[PDB]
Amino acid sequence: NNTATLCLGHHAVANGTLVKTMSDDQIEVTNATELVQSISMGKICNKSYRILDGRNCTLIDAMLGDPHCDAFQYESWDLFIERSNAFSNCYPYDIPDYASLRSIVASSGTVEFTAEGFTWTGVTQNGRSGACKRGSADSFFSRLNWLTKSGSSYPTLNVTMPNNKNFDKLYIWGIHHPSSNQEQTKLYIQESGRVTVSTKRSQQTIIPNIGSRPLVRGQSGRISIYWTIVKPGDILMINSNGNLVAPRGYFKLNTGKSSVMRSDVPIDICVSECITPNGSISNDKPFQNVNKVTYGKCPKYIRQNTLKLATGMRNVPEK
């Protein structure tokens, strides 16, 4: 005609997708994005964090110095992976407050050891055991020194070691529980032993406990493991008349981004910034449904496996 008509509109697409609003359970829009990461990578990426595969070793074992853990001797990590085939292979023990020690060491992020010159006067050092074979010879945890009677004497040990460095030292020590009074007196003159590890500000006395326990690698005796933090300027002191499993030096204690994770998933050559037991996961979404156990730069864990965020107007197809 000799007059015009002008119409306004908006676009639509062929492949619309449903989202949820305050007003509707499901409503179609032109485009939506997933906000929840639910696919893992199936493997832990060796980059960008420093990953140490524990293999057959637990973290506690690698630091104590179980013979099959000797390879970890010099190691530090961002994240230490604890596998499930993981087992122990040295003298049987137990750590009262195990998890705490596990946590302290994990966040320290190293099993690196600095030997110190302790003097144990009039006692035989380096007690070894058939339960703890290095190669195929009797041995013991490498970071512990098993002291017994020399000749016919075990005199009151009274050894001292001041902290002159400007950091906290972590000392790991222990006590040995023999299986019979017969064994006790044999290895440690006195009928009843004890250990009093002390500083200027704390102290801990541990008494051994005679008796048979179930056989573990041929042995019915046991060892209990304890720790002590010595502050700069402070001073360590070990007093014992029997049963002491002595430290060989200290662990440097670090404040750091370090940790430990239980995982059976393999380690592979890729890059990523977030790790779960299920593997490394992608970083870009705000939420995540893979695992509540996470390390690194991770999206927040939530219960839902899917959440759609509208990134376009409402989709109204021809009709």
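Rigid core: the largest C-alpha set superposing within 1.5 Å between the two forms. In this text, residue numbers run from 1 along the sequence as written.
Student: Fitting on the rigid core only, I'd like to know which of the two stretches, 225-233 or 129-137, ends up farther away in Cα terms in 4 other deposited structures of this protein.
Tutor: Farther on average in 4 other deposited structures of this protein: 129-137.
Student: Comparing 301-309 with 5-13, where is the mean C-alpha B-factor higher?
Tutor: Per the PDB record, 5-13.
Student: Averaging the C-alpha B factors as listed in the entry, name the stretch that ends up higher: 150-158 or 89-97.
Tutor: Per the PDB record, 150-158.
Student: For the C-alpha B-factor as written in the entry, point me to the maximum among 248, 102, 213, 169.
Tutor: In the PDB entry, the greatest C-alpha B-factor among 248, 102, 213, 169 is found at 213.
Student: Highest Cα temperature factor in the entry, among the options 73, 185, 107, 228: which one is it?
Tutor: That would be 185.
Student: Which third of the chain does residue 236 land in by C-alpha B-factor: lowest, middle or highest?
Tutor: Middle third, going by the recorded CA B-factors of the chain.
Student: Just say lowest, middle or highest third for the CA B-factor of residue 177 relative to the other modelled residues in its chain.
Tutor: Within its chain, residue 177 is a highest-third residue by C-alpha B-factor, going by the deposited values.
Student: Should residue 222 be placed in the lowest, middle or highest third of its chain by the C-alpha B factor in the entry?
Tutor: It falls in the middle third of the chain.
Student: Could you look up the Cα B-factor of residue 111 in the entry and say which third of the chain it sits in: lowest, middle or highest?
Tutor: For residue 111, whose C-alpha B-factor we compare with every modelled residue in the chain, the answer is the lowest third.
Student: Classify residue 255 as lowest, middle or highest third according to the C-alpha B-factor given in the PDB entry, relative to its own chain.
Tutor: Top third by C-alpha B-factor.
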